[PDB]
């Protein structure tokens, strides 16, 4: 009963949430996770993703200078009123490093416009790219209209979708992701602190991601933390205060590290199984996985994980191509299959 117990989830003071393992993708806990909500500033996570992808392809670098224009003039556009701004003025020449830090640490809205034009030519074009990555990531409940989150009646996202975007950031664009743990940056004589309070929380290892709020949206936070080793991502949307969005995320991440752990039972290229092959240049096929296997299981239960496999066909006949799928690996706890992954040919077997 103690071995097999399923932990109760804490009550979370928020309209929606999700908690997932970053490595495995497992949803440890969720409430209203696909409901469409106003993402507010969590939109800047996609802005930052596009910028991170552009830098990864080498289209520009952190030291490069961006000349500010009229659309990024903070007090030249009342759309920016009451919002967070770097106070960019036309003519300024600002290193990319300082503009992405305005975006990531400060949620500077004028910074988003400057980087958007620089990166994609116009805001409409950049927004096209945001939504192109919405499609490529396979997000079912997200649409962007702006580069910042302001002035967008038809923009939406979800606790699940925002957590997936967090994952993409960490996974796809890690040089861009590591900026999110920086607690302060200086721009134009003025020291600006990271809005994500949980960075200062000494009981956890939070290193991201993004914060957000409107009287529409309520209070939103996407957070990620480590213990090891294990990485968890939480998205809480429509929390009730600033204090607030942080306290509720803390409950989720702590609960997650307490009751669950992440195992990596098998790597790419490492042989899990061997099977005889007919017609081939070798007698046997080396069988395994084309993707590193990560599982989230109840904490403590690592020594109880049993792995086995099934084959799709009675016989294996050459030619066999690399990563050809030929079966399924079953991971089990307590006699029951908890996870499956494709069984693949690790090395191509040409015909004799």
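Residue numbers count along the first chain shown, from 1. Superpose the two forms; the largest set of C-alphas matching within 1.5 Å is the rigid core.
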Inset, instruction - Name the stretch, 213-221 or 271-279, whose C-alpha atoms sit farther from the shown form on average in 5 other deposited structures of this protein, taking the rigid core as the superposition reference. - result: 271-279
Legend entry - Stretch with greater C-alpha deviation in 5 other deposited structures of this protein, 302-310 versus 57-65 (rigid core superposition): 302-310
Inset, instruction - Can you let me know which of the two, 36-44 or 280-288, has the higher average C-alpha B-factor in the entry? - result: 280-288
Legend entry - Mean C-alpha temperature factor, higher of 297-305 and 310-318: 297-305
Inset, instruction - From the list 102, 218, 121, 138, select the residue with the highest C-alpha B factor recorded in the entry. - result: 218
Legend entry - Options 187, 133, 126, 259 - largest CA temperature factor per the record: 187
Legend entry - Entry-reported Cα temperature factor of residue 172, expressed as the chain third it lands in: lowest
Legend entry - Third of the chain's Cα B-factor distribution that residue 166 belongs to, per the entry: lowest
Inset, instruction - Grab the CA temperature factor for residue 325 from the record and place it in the lowest, middle or highest third of its chain. - result: middle
Legend entry - Ranked against its chain, the third holding the CA B-factor of residue 106: middle
Inset, instruction - Using the B-factor values recorded in the entry, state whether the Cα atom of residue 193 falls in the lowest, middle or highest third among the modelled residues of its chain. - result: highest
